[PDB]
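Peer 1: The structure is given below, and queries will be raised subsequently.
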Amino acid sequence: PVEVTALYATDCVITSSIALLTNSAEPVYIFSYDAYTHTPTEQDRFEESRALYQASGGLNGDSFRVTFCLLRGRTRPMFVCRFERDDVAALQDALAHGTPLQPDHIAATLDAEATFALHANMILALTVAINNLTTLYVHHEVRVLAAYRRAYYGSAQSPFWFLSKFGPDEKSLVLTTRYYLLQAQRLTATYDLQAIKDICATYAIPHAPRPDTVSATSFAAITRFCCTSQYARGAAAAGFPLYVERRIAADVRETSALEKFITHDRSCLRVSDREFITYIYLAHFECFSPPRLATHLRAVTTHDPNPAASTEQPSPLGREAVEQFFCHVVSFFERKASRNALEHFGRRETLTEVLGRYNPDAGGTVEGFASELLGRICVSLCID
Amino acid sequence: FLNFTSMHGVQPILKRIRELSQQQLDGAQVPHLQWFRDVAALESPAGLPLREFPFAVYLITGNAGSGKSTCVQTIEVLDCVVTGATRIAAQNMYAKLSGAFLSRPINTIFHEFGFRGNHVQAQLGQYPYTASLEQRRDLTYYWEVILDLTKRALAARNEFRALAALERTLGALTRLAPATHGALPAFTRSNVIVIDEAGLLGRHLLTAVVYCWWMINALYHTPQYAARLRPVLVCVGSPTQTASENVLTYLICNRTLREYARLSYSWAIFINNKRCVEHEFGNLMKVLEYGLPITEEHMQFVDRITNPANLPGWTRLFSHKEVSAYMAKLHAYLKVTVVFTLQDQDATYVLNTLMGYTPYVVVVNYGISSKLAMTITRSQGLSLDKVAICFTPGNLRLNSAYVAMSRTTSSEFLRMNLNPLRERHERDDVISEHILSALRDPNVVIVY
Ligand SMILES: Cc1nc(N(C)C(=O)Cc2ccc(-c3ccccn3)cc2)sc1S(N)(=O)=O
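Protein chains in written order, with the numbering used here: chain A, 1 to 384; chain B, 385 to 832.
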């Protein structure tokens with residue numbers, strides 16, 4: 001038994017889903033799908049996750065339990081099918097080649113007990129509202145439809161929404177969508193979507209040219225645009241969540257270690273107000289500059305998904321406390337701020353530099369503009 | 385992308401909020417619906433009893449462009465009611481947070497909180513009053529609104545209690561009441577209420593929001609009410625750039641509200657400005673705010689208009705009438721000149737999109753937005769790129785200067801008439817002193 005969470009879609013999905021439960025319906029598309037076995041070293045975790053997927057086989061399992069879900073909680077299940085028969089072939093096709101699952105296969109696999117177990121409370125609520133199986137859709141139809149609109153929020157989107165929000169690249173779409181909507185809740189990583197997008201960008205794994213270079217329309221082809229992706233099956237798909245954890249571990253180690261120094265030195269410097277603000281911004285610059293952020297991001301970048309390879313190397317972000325955290329104890333916070341802005345913002349030349357350009361004190365231009373009010377009566381002080 | 389390695393500084397924030405709203409109150413302190421009755425019966429605030437409506441606050445402050453909105457984006461792993469203080473702010477957060485992931489249509493605090501039409505045209509503060517959290521002065525202040533709101537709410541239930549009774553036969557079905565009914569307010573579904581740009585609100589409006597939240601949660605007996613769950617207002621805003629007394633200022637200054645809220649343990653400060661790219665401008669803005677001493681060195685860079693002749697596509701920030709005079713003369717001389725000439729402004733519209741006319745001028749009607757001349761007070765919140773200031777001396781306050789100079793990305797587009805750092809200028813350093821002490825507090829969290 002290989003459990004699976006499938007985030008399907010329908011060319012609204014609420015109407016089709018209610019109809020499908022009603023035995024009264026459209027083909028659905030498994031956009032992103034999870035796969036996990038019930039019941040370990042990260043080496044073992046990667047090995048099991050890899051062996052569950054496969055380069056050839058869509059999913060290495062004979063029996064399957066598929067919870068079909070839609071969009072705290074970012075996805076919510078709708079109905080649980082089972083696959084023991086040779087209808088498993090259709091599941092393999094959908095999860096592997098992106099072929100839509102027809103309604104008939106759904107009905108032949110719809111495990112009524114589990115599907116209606118997680119609906120019963122909602123039928124009760126609908127009845128209670130009406131009093132003030134699921135087939136309340138036959139009479140009092142619009143109310144049931146609207147209630148399920150409100151229940152599975154934003155489960156009726158456009159393909160453009162998934163394509164835009166969840167990534168421009170194949171890697172972003174497949175891995176970020178799968179992780180954020182499914183594996184974050186299943187498995188830590190209560191992080192924003194953009195955070196996981198950034199973590200994905202660091203997932204610098206071997207890319208492969210597309211056997212049929214395409215991109216983008218409506219809900220037919222994003223499924224085939226994702227299920228056939230190299231990123232959805234194998235070491236990459238098996239190592240992405242583990243690497244999300246590893247990347248967060250490395251970052252948080254560095255960031256927290258530097259917050260310790262900032263926070264202590266912030267609450268112990270008996271210092272003038274000017275030097276206090278100079279210090280706070282100087283510390284944040286010396287810790288989290290764009291150059292040092294780039295260096296750390298490269299240091300946490302992985303090139304091979306297997307955690308046994310782990311091309312990522314120990315970061316220098318925190319060990320760069322040597323440059324600034326000389327705070328053992330014109331003042332030093334100002335001069336470091338200078339030798340520093342000189343670098344990152346530029347050389348501000350000097351007044352004598354332009355006095356050389358004018359070799360107006362004697363050059364007739366002192367009466368060149370200052371004597372030229374030009375009707376307005378730099379100028380007007382006591383106009384940036 | 386590298387600009388978001390402050391997201392790691394946002395996670396502790398959420399922890400506190402998650403810690404802060406999981407906290408249940410004791411039963412004897414939870415407000416009871418009977419309190420909200422006989423408030424509807426009391427004719428004048430004189431008969432109000434001393435009763436403590438509970439709440440919690442996790443405050444968010446920092447200059448504009450600091451990334452204070454990124455926290456509201458990240459509060460989408462928490463169940464929350466994000467709301468704004470102005471329709472502009474509500475739409476701004478709708479766009480900001482609906483560009484990242486899903487987002488329900490964000491309304492202003494006044495669509496929540498029950499504020500309606502017969503509430504703007506209401507004079508306030510007439511009743512007198514002479515600290516303890518035991519709030520009464522705020523409700524006395526804002527009493528016409530509070531009274532009308534309570535009378536309307538009582539005059540018009542059992543949407544939630546019915547499901548609770550049905551479960552008492554066999555607490556789950558209560559949570560599905562929002563899914564079933566499409567009218568129950570958003571205060572009924574979560575105790576985390578995020579207010580964007582809270583400085584644009586009156587110091588009395590905090591107490592009013594807490595009040596009406598308890599009132600709805602009692603009149604409906606929502607499950608959070610049954611859980612002894614308390615309001616958690618996340619007031620995101622800018623204290624120094626936004627202006628009576630601010631909710632943010634009310635929280636930062638009032639000592640009993642600063643100790644009931646336990647702010648030092650529940651406050652984040654956003655120190656960065658991703659907008660400005662020039663160093664000297666940044667140092668000036670860093671001084672204006674944080675109330676650092678003004679130096680001749682900070683002058684000589686501010687050293688580095690009424691005539692509509694030459695700055696096209698530049699907004700002249702003036703107080704109230706000068707805008708009218710400027711715009712009037714603009715229209716008056718463009719007659720003899722791209723544009724042509726036909727209630728918040730003075731009359732007559734320029735064709736610069738406001739170019740086309742018929743009378744759906746381009747739109748139903750003809751109250752419109754010009755973005756040509758608009759006062760310093762109204763300049764707050766609106767971020768521009770085409771600034772040109774017209775300070776008048778004799779009533780010059782560095783709050784106004786700090787506002788006016790901070791609407792624009794780069795100082796290359798900055799013009800004005802006088803030097804606000806050279807003339808006589810009023811120093812309001814109390815907020816700056818509080819913020820600067822706050823930075824110097826080990827328990828406060830600071831995000832670069
Ligand atoms: C070389 C350097 N660059 C530094 N940056 C990137 C910044 O200040 C960025 C910034 C700029 C303006 C503000 C602000 C502060 C109050 C009100 C409005 N805006 C905050 C942050 S800090 C240093 S330095 N000389 O301390 O090493």
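Every residue gets a Cβ at the ideal spot worked out from N, C-alpha and C, and that includes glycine.
Which same chain residues, not among the five before or five after residue 95 of chain A, have their C-beta less than 7 Å away from its C-beta?
Peer 2: 30, 33, 58, 59 and 227
Peer 1: Between which two residues does the beta strand (DSSP E) holding residue 446 of chain B run?
Peer 2: 443 to 446
Peer 1: Kindly indicate if chain B contains any beta-carbon less than 7 Å away from that of residue 369 of chain A.
Peer 2: Residue 369 of chain A does not count as touching chain B.
Peer 1: Using 8 Å as the cut-off, can you tell me whether the segment 395 to 414 of chain B makes contact with the segment 201 to 215 of chain A, which would need three or more C-beta pairs spanning the two stretches below that distance?
Peer 2: Between the segment 395 to 414 of chain B and the segment 201 to 215 of chain A, the count of Cβ pairs shorter than 8 Å is below three; the stretches do not touch.
Peer 1: Below 8 Å, how does it come out for the segment 104 to 115 of chain A and the segment 78 to 85 of chain A: are there three or more Cβ pairs, yes or no?
Peer 2: Yes: the two stretches touch, three or more of their Cβ pairs being nearer than 8 Å.
Peer 1: Residue 258 of chain A and residue 336 of chain A look like a contact to me (Cβ under 8 Å); what is the Cβ gap, rounded to whole Å?
Peer 2: Between the beta-carbon of residue 258 of chain A and that of residue 336 of chain A there is about 16 Å, and that puts the pair past the 8 Å contact cut.
Peer 1: Measure the beta-carbon distance from residue 179 of chain A to residue 241 of chain A and round it to whole angstroms, keeping in mind my assumption that it falls under 8 Å.
Peer 2: 6 Å
Peer 1: Using a Cβ distance threshold of 8 Å, determine whether the segment 616 to 634 of chain B contacts the segment 569 to 588 of chain B, with at least three qualifying pairs required.
Peer 2: yes
Peer 1: What residues in its chain sit with their C-beta under 6 Å from that of residue 733 of chain B, if we drop five residues either side in the sequence?
Peer 2: Scanning its chain for C-beta atoms nearer than 6 Å, with the 5 sequence neighbours on each side dropped, one finds around residue 733 of chain B the residues 726, in chain order.
Peer 1: Got a sec: which bits of the segment 478 to 502 of chain B sit with their beta carbon under 7 Å from any beta carbon on chain A, in order along the chain?
Peer 2: 484, 485 and 486
Peer 1: Can you pull the chain A neighbours of residue 677 of chain B, defined as C-beta to C-beta under 7 Å?
Peer 2: 274
Peer 1: Beta-carbon of residue 649 of chain B versus every beta-carbon of chain A: anything under 7 Å?
Peer 2: no
Peer 1: Is the segment 461 to 469 of chain B touching the segment 488 to 507 of chain B in the sense that three or more CB pairs, one from each, lie closer than 8 Å?
Peer 2: yes
Peer 1: Between residue 443 of chain B and residue 650 of chain B, which are expected to be in contact by the criterion C-beta below 8 Å, what is the C-beta distance as a whole number of angstroms?
Peer 2: 7 Å
Peer 1: May I have the straight-line CA-CA distance separating residue 151 of chain A from residue 563 of chain B, to the nearest angstrom?
Peer 2: So the two alpha carbons sit approximately 5 Å from each other.
Peer 1: Give me the residue from B:511, B:519, B:786 and B:419 with the minimum Cα distance to residue 671 of chain B.
Peer 2: B:786
Peer 1: At a cut-off of 6 Å, would you count residue 452 of chain B as near ligand 1, judging by its Cβ distance to the nearest heavy atom?
Peer 2: For ligand 1, not one heavy atom lies less than 6 Å from the Cβ of residue 452 of chain B.
Peer 1: List the residues of chain B whose Cβ lies closer than 7 Å to the Cβ of residue 284 of chain A, in chain order.
Peer 2: 655 and 832
Peer 1: For ligand 1, is there any heavy atom lying closer than 6 Å to the beta carbon of residue 798 of chain B?
Peer 2: no
Peer 1: Could you name the residues of chain B that residue 129 of chain A contacts, counting a contact when the two beta carbons are closer than 7 Å?
Peer 2: 564 and 565
Peer 1: Would you mind telling me which residues of chain B sit closer than 9 Å to residue 252 of chain A, beta carbon to beta carbon, in chain order?
Peer 2: Under the 9 Å cutoff, chain B gives 392 and 395.
Peer 1: Quick check: the Cα distance between residue 90 of chain A and residue 64 of chain A, rounded to an integer number of angstroms?
Peer 2: 12 Å
Peer 1: Inspect the beta-carbon positions of residue 384 of chain A and residue 700 of chain B and report whether they are closer than 7 Å.
Peer 2: no
Peer 1: Based on the DSSP secondary-structure assignment, which residues constitute the bridge partners of residue 651 of chain B?
Peer 2: According to DSSP, residue 651 of chain B bridges with B:443.
Peer 1: Assuming residue 565 of chain B contacts residue 543 of chain B under a Cβ cut-off of 8 Å, what Cβ separation, rounded to an integer in Å, is found between them?
Peer 2: Approximately 5 Å separates the beta-carbon atoms of residue 565 of chain B and residue 543 of chain B; this is inside 8 Å, confirming the contact.
Peer 1: Suppose you measure from the CA of residue 149 of chain A to the CA of residue 635 of chain B; what does that come to, to the nearest Å?
Peer 2: Computed Cα separation, rounded: 39 Å.
Peer 1: Name the chain B residues whose beta carbon is nearer than 7 Å to that of residue 290 of chain A?
Peer 2: 386
Peer 1: Taking only heavy atoms of ligand 1 into account, decide whether any of them is closer than 6 Å to the Cβ of residue 321 of chain A.
Peer 2: no
Peer 1: If the cut is a Cβ gap below 7 Å, which residues of chain A does residue 608 of chain B touch?
Peer 2: What residue 608 of chain B touches in chain A: nothing, since even the nearest Cβ is about 15 Å away.
Peer 1: Between residue 373 of chain B and ligand 1, is the CB less than 6 Å from at least one heavy atom?
Peer 2: Here chain B comprises residues numbered 385 to 832, so residue 373 of chain B is not present and cannot be evaluated.
Peer 1: Please decide whether residue 154 of chain A counts as near chain B, where near means a Cβ-Cβ distance under 7 Å.
Peer 2: yes
Peer 1: When burial is assigned at 16 or more other CB atoms within 10 Å of the CB, is residue 196 of chain A buried or exposed?
Peer 2: So residue 196 of chain A ends up on the buried side.
Peer 1: Less than 7 Å between CB atoms is the rule here; does residue 696 of chain B satisfy it with respect to chain A?
Peer 2: Answer no: the Cβ-Cβ gap between residue 696 of chain B and chain A never drops below 7 Å.
Peer 1: Just tell me which of B:430, B:528 and B:539 has its CA closest to the CA of residue 501 of chain B.
Peer 2: B:528
Peer 1: At least one CB of chain A closer than 7 Å to the CB of residue 667 of chain B: is that the case?
Peer 2: no
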